[PDB]
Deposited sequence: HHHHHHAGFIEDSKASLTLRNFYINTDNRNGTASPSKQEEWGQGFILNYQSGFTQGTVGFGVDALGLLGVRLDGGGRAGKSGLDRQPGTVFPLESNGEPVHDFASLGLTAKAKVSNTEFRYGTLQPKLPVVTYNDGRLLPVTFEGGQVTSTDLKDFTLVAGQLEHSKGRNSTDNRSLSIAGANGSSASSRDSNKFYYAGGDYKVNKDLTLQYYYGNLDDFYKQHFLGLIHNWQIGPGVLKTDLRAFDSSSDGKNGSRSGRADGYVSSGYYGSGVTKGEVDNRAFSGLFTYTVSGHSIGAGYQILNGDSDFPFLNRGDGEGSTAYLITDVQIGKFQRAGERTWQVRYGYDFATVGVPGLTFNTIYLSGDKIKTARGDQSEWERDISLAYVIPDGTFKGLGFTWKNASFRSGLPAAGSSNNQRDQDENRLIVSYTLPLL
């Protein structure tokens, strides 16, 4: 064990094509290079290390940043360094972070991923728990090279009226009860905007040759600091939502609850889910806007929409098939249909729906083993947008 001996790299090559049809036709195509380096740890009870994440995108408004012109740049790149220390199974990371947690997860829906900057400790030293606590200050969008302060929908974007915050605190854990059951509690706090608590359960139930997976989530989001005061909201510390009389910005105030059940047998997966949002505000999550990408940890966060609006109840059905069971390993199909209603708006109750498909083939063997091809299509109608993604990806070891 050591800094050198345990050092690893990695290069992912991503060819990313997207076309969107609005009712605008828009098309973007890029080649991406994602180079990760991860050192080992120096010797001693407290070991030190450093990770590096190099990102490069080359053009072949959500994929590439713009020139002072207004035209898409030819290329863009960034380097994100992370200092690290570790004792036993407890690691501290300082610098570039990419969390995937119920109260914060980075978006990677385009060419290059979102990154955050901050400090974080994670630990598996407490038996059957995976614990984490951290503080984030900035994020770099998928279509940007710059770190910017954190915001939420309603206060975000780049207008003069926009407001943001440079402090986000988070903590929580996953407790493994046994082989079949995991519990979760997480806490998130964007300073001057919101505090958010999350409870989760995932249960796997063997029923004959099939497995039923139960996925339950509960979020309580409330105001913090400026957003919780009249004067603060007057100065723009606000969330999108619906507050009566045509007012669409105000205090964070959202309760979200969902249950998703997926039964999987003989290659087939069939799922059904329901999500209920109550309160005057949309569901809050870190979101810079300006096309930078954002992810909500909701069962309804899909290709185009997130069904995250104040009041919205959403049902969904899912179907998938893994063609390995039938002789074509590496080929999979998935689809989901979602239907949202009771969206509170100045026009009364509104509805929306989305249908997504994802067809993917990853070459299972031979010289091109690991080469993956993915087609994602979405249709979204609200109050309308159709989107296609084509992604070719390949990851290779560079030790």
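Engineer: Comparing the deposited sequence with the modelled residues, which stretches have no C-alpha coordinates?
Structural biologist: Several regions go unmodelled: 1 to 6, 30 to 35, 73 to 87, 411 to 421.
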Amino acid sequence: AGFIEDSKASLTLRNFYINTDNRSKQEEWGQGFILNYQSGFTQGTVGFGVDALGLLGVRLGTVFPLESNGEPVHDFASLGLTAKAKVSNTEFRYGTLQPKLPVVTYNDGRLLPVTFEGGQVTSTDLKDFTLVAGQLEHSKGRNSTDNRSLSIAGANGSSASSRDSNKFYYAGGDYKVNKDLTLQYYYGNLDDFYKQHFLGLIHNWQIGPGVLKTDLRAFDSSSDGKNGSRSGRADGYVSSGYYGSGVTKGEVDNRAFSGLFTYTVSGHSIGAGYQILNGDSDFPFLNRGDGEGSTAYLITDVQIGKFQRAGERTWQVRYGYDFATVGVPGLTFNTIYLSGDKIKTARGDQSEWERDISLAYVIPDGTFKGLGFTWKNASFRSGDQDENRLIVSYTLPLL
From here on, numbers count along this sequence of modelled residues.
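Engineer: Looking only at CA atoms, which has the higher mean B factor in the entry: 387 to 395 or 5 to 13?
Structural biologist: Comparing averages over the C-alpha atoms only gives 5 to 13.
Engineer: Take the C-alpha B-factors listed in the entry for 369 to 377 and for 61 to 69, compute each mean, and give the stretch with the larger one.
Structural biologist: Result of the comparison: 61 to 69.
Engineer: Comparing recorded Cα B-factors across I336, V50, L53, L331, which one is largest?
Structural biologist: Among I336, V50, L53, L331, the PDB entry lists the largest C-alpha B-factor for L331.
Engineer: Determine which member of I152, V252, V247, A160 has the highest CA B-factor, using the values in the deposited entry.
Structural biologist: By C-alpha B-factor in the record, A160 ranks first.
Engineer: Quick one: classify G340 as lowest, middle or highest third of the chain based on its Cα B-factor.
Structural biologist: Lowest third of the chain for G340's C-alpha B-factor.
Engineer: Lowest, middle or highest third: where is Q350 by C-alpha B factor in its chain?
Structural biologist: Lowest third of the chain for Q350's C-alpha B-factor.
Engineer: Thinking about Cα B factors across the chain, which third does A83 belong to?
Structural biologist: Answer is middle: the recorded C-alpha B-factor places it there.
Engineer: Test of reading the entry: by CA B factor among the chain's modelled residues, which third contains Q275?
Structural biologist: Lowest third of the chain for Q275's C-alpha B-factor.
Engineer: Compare the C-alpha B factor of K167 with those of the other modelled residues in its chain, then answer lowest, middle or highest third.
Structural biologist: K167: CA B-factor falls in the middle third of its chain.
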